[PDB]
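Just below is one structure, and these are the notes that go with it.
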Amino acid sequence: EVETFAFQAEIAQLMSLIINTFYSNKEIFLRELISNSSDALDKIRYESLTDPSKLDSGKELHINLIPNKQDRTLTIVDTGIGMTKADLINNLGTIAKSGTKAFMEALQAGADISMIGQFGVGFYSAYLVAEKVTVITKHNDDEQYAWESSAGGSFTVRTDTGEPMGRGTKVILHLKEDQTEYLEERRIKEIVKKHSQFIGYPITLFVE
Ligand SMILES: CN1CCc2c3c(n(-c4ccc(C(N)=O)cc4)c2C1)CC(C)(C)CC3=O
C-alpha cells in the first residue's frame, strides 16, 4: 500500500520558493546531498564503536554517484545509518520546520539560496534540479522504504519491493528537462572537486 501525506505548511512554502525563485547557481544541490550522506556515514561509524554488530548490514562506508541518461536520473547512494519510517514521516520534517523558518527569514534579510545547508534543510535543494525526488532507505532498526515527492504539497511513503540495500540511503533525482548537464561526467567531477573535495569517505563517480 502507498500512504500519502501533506507536508508541514512551512516545508511546502520552502519547496515552492526553491522551485519558483530565479537562481542560476543550482550546482550546490550536489554538495548538500553529499553532506547529508557524509553526516549519515559519521553516525553509523560512531554507533559501531560501542555496538560493532551495527555493521552486520555492511562494513563499507562510502558514497556512489550514478548518472543514467536513459532514465534522466542522478542517484546519490550512501551506506550511512539510513532512516526509519518515523524519520521519513515525522522526525526529520519536525527538525526541518525550525530551519525552514530561519532560512526563509535570512533570505528576506539578504542571504542567498546557497546558504540553505546552514539551516539544516539542504536536502530540499534537490528541487533546484529535480522535478521528482525518490528516496530509498534502510535503517538497521526498520524495513526498506521508498519516500517520494514531486512537490505540490504532498509526499508518499511505501515499503520498498526492489533490490535489498543492506543499509543506507539512495536519493534518486528525476531531473528537469533543462538540467541534464548534471548527468555529464566532467560536470559532476568539477562540482565534487569545487564543493566536496574534503569529504572523509570515498566518493565514486560511476560512468555510463
Ligand atoms: C538535516 N536534514 C533535516 C531534513 C531532512 C529531510 C531528509 N533528510 C535526509 C536526507 C538524506 C539523508 C541520508 N543520506 O542519510 C539523511 C537525512 C534531512 C536531513 C530526507 C527526507 C525525505 C526525510 C525529507 C527531509 O525533510
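Can you put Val2, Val121 in order, fewest other beta carbons within 10 Å first? Write out the running numbers ahead of the final one.
On the way: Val2 9, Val121 25.
Starting with the residue having the fewest Cβ neighbours, the order is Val2, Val121.
Between the DSSP loop rule and a limit of at most 15 other Cβ atoms within 10 Å, which GluC sites (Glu not before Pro) in the stretch 1-88 are left? Spell out each step's value before the answer.
Values: sites: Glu1, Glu3, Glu10, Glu27, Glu32, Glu47, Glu60; in loops: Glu1, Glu27, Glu60.
Taking the stretch 1-88 and a limit of 15 other Cβ atoms within 10 Å, the loop GluC sites (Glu not before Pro) found are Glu1, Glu60.
Do any GluC sites (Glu not before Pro) in the stretch 71-160 lie in a loop, going by DSSP, with at most 13 other beta-carbon atoms within 10 Å of their beta carbon, and if so which?
Numbers: sites: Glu105, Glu131, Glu143, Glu148; in loops: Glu143.
Counting only loop positions with at most 13 other Cβ atoms within 10 Å, the GluC sites (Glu not before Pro) in the stretch 71-160 are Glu143.
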(request) With N denoting the number of residues in the stretch 88-208, provide Rg(C-alpha) divided by 2.2 N^0.38 Å, to two decimal places. (result) 1.18
(request) Would you mind computing, in nm to one decimal, how far apart the modelled labels at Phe5 and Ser24 are, each placed 7 Å from Cα along Cα→Cβ? (result) 3.8 nm
(message) Let me make sure I get this right: for the stretch 54-99, a, b and c are the square roots of the gyration tensor eigenvalues over alpha carbons, sorted descending. Under 1.5 in a/c it's rounded, otherwise prolate if a/b > b/c, else oblate. Which is it?
(response) oblate
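Over 24 Å between Cα atoms: which of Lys26/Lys69; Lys43/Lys138; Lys43/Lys85; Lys138/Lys194 fall into that group? Mind dumping the intermediate values first?
Details: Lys26/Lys69 19 Å; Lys43/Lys138 14 Å; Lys43/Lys85 18 Å; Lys138/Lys194 30 Å.
Correct reply: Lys138/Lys194.
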(request) Based solely on C-alpha atoms, express the radius of gyration and the Dmax of the chain in angstrom. (result) 16.5, 48
(request) Work from the charge dipole of the chain (Cβ charges, +1 for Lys and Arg, -1 for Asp and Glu, about the Cα centre) and give the residue of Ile66, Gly166, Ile203 farthest towards its positive end. (result) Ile203
(message) Contact order normalised by length for the chain, with contacts defined as Cα pairs under 8 Å and 6 or more residues apart; what percent is it?
(response) 32 percent
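If the only charges are +1 at each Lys and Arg Cβ and -1 at each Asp and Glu Cβ, what is the size of the charge dipole of the chain around the Cα centre, to the nearest 20 debye?
Working: 22 positive and 30 negative charges, 85 e Å.
Here the size comes out at about 400 debye.
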(request) Quick one: among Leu65, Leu49, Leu183, which has the greatest mean-square fluctuation in a GNM of the chain with alpha-carbon springs under 10 angstrom? (result) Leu49
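A quick note on method: Cβ atoms are made from the backbone with ideal geometry, for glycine too, and the neighbour counts reach across all protein chains shown. Computed from the coordinates by the stated procedures, all read-outs in this text should not be read as laboratory data.
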